[PDB]
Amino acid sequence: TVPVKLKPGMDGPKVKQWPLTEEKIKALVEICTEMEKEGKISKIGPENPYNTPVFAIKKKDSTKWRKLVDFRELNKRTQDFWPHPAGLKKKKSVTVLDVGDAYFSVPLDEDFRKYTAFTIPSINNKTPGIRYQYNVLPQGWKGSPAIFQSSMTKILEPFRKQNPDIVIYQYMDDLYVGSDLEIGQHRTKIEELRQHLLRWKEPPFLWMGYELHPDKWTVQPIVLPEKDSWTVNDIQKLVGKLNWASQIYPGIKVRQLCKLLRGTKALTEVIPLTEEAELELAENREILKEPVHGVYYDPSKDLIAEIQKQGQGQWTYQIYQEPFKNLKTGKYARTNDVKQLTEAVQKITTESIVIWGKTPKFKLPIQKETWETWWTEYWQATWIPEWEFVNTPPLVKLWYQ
């Protein structure tokens, strides 16, 4: 075992466990009971005041339940350990494998074990609740991938030289297999990995066992309404929106459009567009065709992901580090509100992982209680991004589409 430690001065996590349903509890009991039999975890006593929250999530294309431990706090408190394939994103197709189980074959520094304490609650506080701590490397812990990196290199050694055409990236419990090969010839080189990985309980496919096609991941420019006739209202919305995007693309001008709108006219009054104006619009259109220049990814800054609901099962997001300085922008479409929002968050996380190798910080448009209550019902990732809850304004949403 490796002597792991928490960042200096820091003590262990003592996170409150969010109430669970009798269904997710029964699941966690059956699961943890078995992990105990195989010595992966052990019951603990009152002398351990630490706690990390746990959940049970469903596995896609499987009838079994997965134990999801929210090691987010512990991971911020775990010491730093001392490379990302700029090419993984370039690849045409990538499959995601859940290799979390690889860890269960490695002991955890005895003196760190206490920090991995978790509780399986009881309905209505009938009983005190079952407490455990880890003996092996826990799936989801920042330290596991690191403390297993070596044994992992030693294992991805042959396939790496055998197929130096397919780039393999590991992130926490996930393994990202990228290639350009044909879907069949690809899915086949994947199964050849699943057999070479089993060679050392098979690593299932996350995300439907499907690919991602990182190439298609597009940036969604700002769009302007293309109309026949333009009413005073249409123009007013045009200027407001332009004014806003002017903050980003300084070449945007509206001076000529603000002219069509002098005086106090009727919102519905149709206004022909003067020559000068029509040209200024066409120009603003040209300017918005591509993302603003000079926006780079700072590896030393946090990635922020903001989502807005468009309605009709349509959402929009933006990943940046500095306001307006978007690194990416996308959209997502159909379920119910929450299910969609969760499917979105995971999608944006997978991409953010693939493109930069780090999960972003989400700003979710939902009440914490509502989120806390339903997210585990549709969540399928093995990781959990950090998140906060907000109240998006009418205008920002109104300036995307």
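Residue numbers run from 1 along the displayed sequence.
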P83 preceded by how many uncoordinated deposited residues after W82: 4 to 9
Chain break class at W200/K201 - deposited residues not modelled: 10 or more
Average Cα temperature factor in the PDB entry - higher stretch of 126 to 134, 147 to 155: 147 to 155
Residue range whose averaged C-alpha B-factor is higher in the record, 233 to 241 or 116 to 124: 233 to 241
Member of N51, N336, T350, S62 with the greatest C-alpha B factor (per the PDB record): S62
Selection by C-alpha B-factor (highest) of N284, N75, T188, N326: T188
Position of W141 among the chain's modelled residues by C-alpha B-factor, lowest, middle or highest third: lowest
For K216, the third of its chain into which the C-alpha B factor falls: highest
CA B-factor placement of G9, once the chain's modelled residues are sorted into thirds: middle
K331 CA temperature factor, ranked by third within the chain: middle
Record-listed C-alpha B factor of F104: chain third: highest
